[PDB]
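Which chain is which? The protein sequence lines are A and B, in order.
Reminder that position 189 of the first sequence reads as 193 in our numbering, one-by-one numbering, no gaps.
Reminder that position 47 of the second sequence reads as 52 in our numbering, one-by-one numbering, no gaps.
Ideal placement from N, C-alpha and C gives every residue a C-beta, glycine not left out.
Notes follow the structure.
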Amino acid sequence: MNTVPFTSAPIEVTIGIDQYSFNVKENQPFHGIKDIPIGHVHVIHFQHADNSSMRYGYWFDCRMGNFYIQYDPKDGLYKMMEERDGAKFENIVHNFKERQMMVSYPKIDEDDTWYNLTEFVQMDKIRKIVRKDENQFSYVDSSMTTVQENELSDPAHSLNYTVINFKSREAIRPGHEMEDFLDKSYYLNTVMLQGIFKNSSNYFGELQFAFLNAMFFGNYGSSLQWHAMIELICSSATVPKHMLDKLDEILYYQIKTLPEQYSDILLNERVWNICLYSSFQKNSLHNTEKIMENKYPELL
Amino acid sequence: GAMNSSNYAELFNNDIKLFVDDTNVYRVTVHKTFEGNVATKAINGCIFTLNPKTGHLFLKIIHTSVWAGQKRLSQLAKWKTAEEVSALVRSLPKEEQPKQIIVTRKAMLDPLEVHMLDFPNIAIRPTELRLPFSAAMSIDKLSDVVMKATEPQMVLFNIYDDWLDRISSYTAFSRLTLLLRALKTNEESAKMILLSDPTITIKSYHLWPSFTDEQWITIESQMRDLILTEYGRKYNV
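Below is the structure:
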């Protein structure tokens with residue numbers, strides 16, 4: 005189990021670690037998060053008490069390095085940094101654990117929620133969507149735009165999600181206009197899966213990462229990408245059975261975890277009604293249909 | 006975006022534009038079968054593609070053979086219309102290609118946008134105008150070429166005859182919409198208005214009779230009277 009120490013907490017802040025969150029008071033003796041489960045990516049995220057503007061955070065994998073958080077009073081935020089000195093890092097973590105200055109990652113043994121939400125998410129794919137090659141961890145915030153949003157403006161601070169556009173030459177073969185527009189299977193299977201993603205695991209990883217950035221940061225572009233990647237599958241007549249079954253599991257856990265009070269900002273009525281009740285795959289998402297009808301029947 | 010009463014003069018500026026009306030592409034008669042079920046029988050249709058500035062009408066005749074063995078014909082009709090408008094644009098020299106295509110029905114927007122992806126600078130727009138282009142098949146010479154067709158055919162017409170020698174395109178379009186609205190509202194009464202005086206004929210090379218300027222004023226008044234008479238009959242007003 006790995007550890008992210010904090011130098012200090014000089015400003016009052018809500019700290020998220022994956023689906024959990026804790027309030028830290030201004031100059032509270034808080035020195036980080038221990039017992040972080042090895043074998044998953046994680047996200048450590050912030051919302052300042054005195055300025056709920058910019059949610060922001062860091063995706064990381066403790067297998068890739070020793071990471072800590074330090075507040076920068078010039079840029080006004082909590083920054084992730086890598087500690088290259090192993091013995092220093094161990095000595096810092098030991099002192100703070102001994103003094104019980106760390107919160108414990110509060111994982112219930114029966115509880116697969118985080119694995120269910122990140123099954124296909126890999127740090128190496130995150131670092132291609134969020135381009136900052138000098139760090140092993142990835143910064144995301146509420147306001148970062150996507151490459152797609154930027155086309156319709158600082159390219160360095162952008163989310164490089166795969167562009168999906170149903171009315172584009174990429175999506176529509178000349179001579180198969182009606183066919184490709186009404187049945188997106190070409191675009192899903194040839195262009196996106198065989199061509200760009202190479203396999204369904206990479207496509208689902210990006211879909212899962214988009215959802216998590218939408219939920220944890222209120223990142224609007226991320227929400228758009230998540231819905232586009234659901235719609236592309238649901239609007240395809242020909243989808244491998246394993247992919248449909250896997251998508252139903254992915255969506256079920258995403259809808260299960262979504263805060264009830266964010267459903268009005270995080271869920272697109274048109275896409276969900278189309279996907280569950282009109283699309284080729286309307287009868288293929290039984291678990292997701294059941295949780296949506298029981299938790300959010302107003303949206304439908 | 007959408008074309009309305011505000012931006013009406015835009016129709017007659019020097020930017021090439023076409024109206025596309027798909028209401029006569031898929032045409033059927035509905036009848037009982039021997040077993041007492043109901044069946045449709047398609048009849049020849051047409052795409053009505055009009056330049057409102059010049060009067061040039063690109064009448065693509067849709068022969069019933071295009072429906073043979075096809076499903077969801079009302080859906081397919083929109084995509085066939087978009088395919089044929091796209092093909093017409095590609096057939097035209099660059100300097101004759103439209104800068105805008107205005108569809109009369111919003112259901113044509115996606116089909117036409119998708120067929121015209123290779124022309125990102127041609128705007129595809131809806132209209133808030135209620136245009137009576139469905140009544141094209143009340144113009145005897147247009148109905149005749151559509152019904153006689155034994156294969157897909159494009160026929161070119163000038164729907165204003167020689168009117169632009171005497172009137173502006175604004176006035177010619179107003180005259181056309183009034184005649185088509187009258188033919189849509191009471192076809193038999195409108196044709197009687199147009200044909201009742203045997204001394205005024207239709208030239209071999211025209212669609213409409215050879216009215217003098219004073220006779221067009223009379224005819225236009227008779228058409229407005231017809232439309233108002235029919236509104237009173239409809240609403241008991």
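Are any of the Cβ atoms in chain A nearer than 8 Å to that of residue i?
{"i": "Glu-156 (chain B)", "result": "no"}
{"i": "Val-119 (chain B)", "result": "yes"}
{"i": "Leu-78 (chain B)", "result": "no"}
{"i": "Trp-221 (chain B)", "result": "no"}
{"i": "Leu-200 (chain B)", "result": "no"}
{"i": "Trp-84 (chain B)", "result": "yes"}
{"i": "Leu-122 (chain B)", "result": "yes"}
{"i": "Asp-115 (chain B)", "result": "yes"}
Indicate whether at least one CB of chain B lies closer than 8 Å to the CB of residue i.
{"i": "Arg-173 (chain A)", "result": "yes"}
{"i": "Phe-284 (chain A)", "result": "no"}
{"i": "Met-68 (chain A)", "result": "no"}
{"i": "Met-182 (chain A)", "result": "yes"}
{"i": "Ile-168 (chain A)", "result": "no"}
{"i": "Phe-185 (chain A)", "result": "yes"}
{"i": "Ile-278 (chain A)", "result": "no"}
{"i": "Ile-176 (chain A)", "result": "yes"}
Taking only the alpha-carbon atoms, compute the straight-line gap between residue i and residue j and give it to the nearest angstrom.
{"i": "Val-150 (chain B)", "j": "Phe-185 (chain A)", "result": "33 Å"}
{"i": "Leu-199 (chain B)", "j": "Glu-118 (chain B)", "result": "39 Å"}
{"i": "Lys-260 (chain A)", "j": "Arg-135 (chain A)", "result": "30 Å"}
{"i": "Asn-95 (chain A)", "j": "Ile-19 (chain A)", "result": "24 Å"}
{"i": "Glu-102 (chain A)", "j": "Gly-43 (chain A)", "result": "25 Å"}
{"i": "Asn-206 (chain A)", "j": "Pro-14 (chain A)", "result": "39 Å"}
{"i": "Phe-213 (chain A)", "j": "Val-97 (chain A)", "result": "29 Å"}
{"i": "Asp-128 (chain A)", "j": "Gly-69 (chain A)", "result": "14 Å"}
{"i": "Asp-79 (chain A)", "j": "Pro-41 (chain A)", "result": "30 Å"}
{"i": "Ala-7 (chain B)", "j": "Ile-127 (chain B)", "result": "14 Å"}
{"i": "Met-197 (chain B)", "j": "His-36 (chain B)", "result": "30 Å"}
{"i": "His-120 (chain B)", "j": "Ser-96 (chain B)", "result": "14 Å"}
{"i": "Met-106 (chain A)", "j": "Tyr-72 (chain A)", "result": "12 Å"}
{"i": "residue 3 (chain A)", "j": "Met-233 (chain A)", "result": "Nothing can be reported for residue 3 (chain A), as the shown portion of chain A is limited to 5 through 304."}
{"i": "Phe-64 (chain A)", "j": "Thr-109 (chain B)", "result": "54 Å"}
{"i": "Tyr-266 (chain A)", "j": "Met-5 (chain A)", "result": "32 Å"}
{"i": "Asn-12 (chain B)", "j": "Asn-18 (chain B)", "result": "11 Å"}
{"i": "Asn-169 (chain A)", "j": "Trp-221 (chain B)", "result": "52 Å"}
Can you tell me where the alpha helix (DSSP H) with residue i in it begins and where it stops?
{"i": "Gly-225 (chain A)", "result": "224–238"}
{"i": "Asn-291 (chain A)", "result": "290–299"}
{"i": "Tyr-207 (chain A)", "result": "204–221"}
{"i": "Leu-78 (chain B)", "result": "78–96"}
{"i": "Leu-62 (chain B)", "result": "First-last for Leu-62 (chain B): 61–67, but that is the beta strand (DSSP E), not the alpha helix (DSSP H)."}
{"i": "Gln-258 (chain A)", "result": "245–261"}
{"i": "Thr-117 (chain A)", "result": "117–122"}
{"i": "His-98 (chain A)", "result": "90–102"}
{"i": "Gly-237 (chain B)", "result": "218–240"}
{"i": "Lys-153 (chain B)", "result": "145–153"}
{"i": "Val-151 (chain A)", "result": "151–155"}
Among the options, which has the Cα closest to the Cα of residue i?
{"i": "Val-45 (chain A)", "options": "A:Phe-100, A:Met-85 and A:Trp-118", "result": "A:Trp-118"}
{"i": "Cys-51 (chain B)", "options": "B:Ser-96, B:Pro-157 and B:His-120", "result": "B:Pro-157"}
{"i": "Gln-80 (chain B)", "options": "B:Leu-55, B:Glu-100 and B:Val-30", "result": "B:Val-30"}
{"i": "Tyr-143 (chain A)", "options": "A:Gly-61, A:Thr-149 and A:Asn-154", "result": "A:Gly-61"}
{"i": "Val-25 (chain B)", "options": "B:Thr-182, B:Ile-172, B:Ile-129 and B:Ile-207", "result": "B:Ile-129"}
{"i": "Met-247 (chain A)", "options": "A:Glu-273, A:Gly-209, A:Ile-168 and A:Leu-228", "result": "A:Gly-209"}
{"i": "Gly-36 (chain A)", "options": "A:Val-8, A:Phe-50, A:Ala-53 and A:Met-58", "result": "A:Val-8"}
{"i": "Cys-66 (chain A)", "options": "A:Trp-276, A:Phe-93 and A:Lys-294", "result": "A:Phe-93"}
{"i": "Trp-84 (chain B)", "options": "A:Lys-245, A:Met-182, A:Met-196 and A:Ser-204", "result": "A:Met-182"}
{"i": "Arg-59 (chain A)", "options": "A:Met-219, A:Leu-156, A:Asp-249 and A:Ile-295", "result": "A:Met-219"}
{"i": "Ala-195 (chain B)", "options": "B:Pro-57, B:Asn-241, B:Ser-226 and B:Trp-168", "result": "B:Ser-226"}
{"i": "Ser-10 (chain B)", "options": "B:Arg-135, B:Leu-78 and B:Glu-101", "result": "B:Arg-135"}
{"i": "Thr-28 (chain B)", "options": "B:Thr-45, B:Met-113, B:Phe-39 and B:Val-71", "result": "B:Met-113"}
Pull up the CB-CB distance for residue i and residue j, whole angstroms please, since I reckon it's below 8 Å.
{"i": "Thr-166 (chain A)", "j": "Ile-200 (chain A)", "result": "6 Å"}
{"i": "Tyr-256 (chain A)", "j": "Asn-291 (chain A)", "result": "4 Å"}
{"i": "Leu-64 (chain B)", "j": "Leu-147 (chain B)", "result": "6 Å"}
{"i": "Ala-92 (chain B)", "j": "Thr-69 (chain B)", "result": "Wrong, their Cβ atoms sit about 19 Å apart, outside the cutoff."}
{"i": "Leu-280 (chain A)", "j": "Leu-289 (chain A)", "result": "7 Å"}
{"i": "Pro-137 (chain B)", "j": "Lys-111 (chain B)", "result": "Incorrect: roughly 17 Å between the Cβ atoms, too far for contact."}
{"i": "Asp-39 (chain A)", "j": "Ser-108 (chain A)", "result": "5 Å"}
{"i": "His-180 (chain A)", "j": "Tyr-190 (chain A)", "result": "7 Å"}
{"i": "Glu-264 (chain A)", "j": "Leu-303 (chain A)", "result": "About 11 Å; that fails the 8 Å criterion."}
{"i": "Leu-216 (chain A)", "j": "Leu-81 (chain A)", "result": "Their Cβ separation, rounded to whole angstroms, is 20 Å, which puts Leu-216 (chain A) and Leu-81 (chain A) out of contact at 8 Å."}
Considering residue i, what are the terminal residues of the beta strand (DSSP E) in which it resides?
{"i": "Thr-45 (chain B)", "result": "43–48"}
{"i": "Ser-162 (chain A)", "result": "No beta strand (DSSP E) holds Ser-162 (chain A); DSSP gives it neither H nor E."}
{"i": "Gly-36 (chain A)", "result": "36–40"}
{"i": "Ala-128 (chain B)", "result": "128–130"}
{"i": "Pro-9 (chain A)", "result": "6–9"}
{"i": "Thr-28 (chain B)", "result": "No beta strand (DSSP E) contains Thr-28 (chain B), which DSSP labels as neither H nor E."}
Say the cut is 7 Å; is the CB of residue i nearer than that to a heavy atom of the ligand SAH?
{"i": "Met-58 (chain A)", "result": "Absence of the ligand SAH from the depicted structure is noted, as is the absence of any ligand whatsoever, leaving it without description."}
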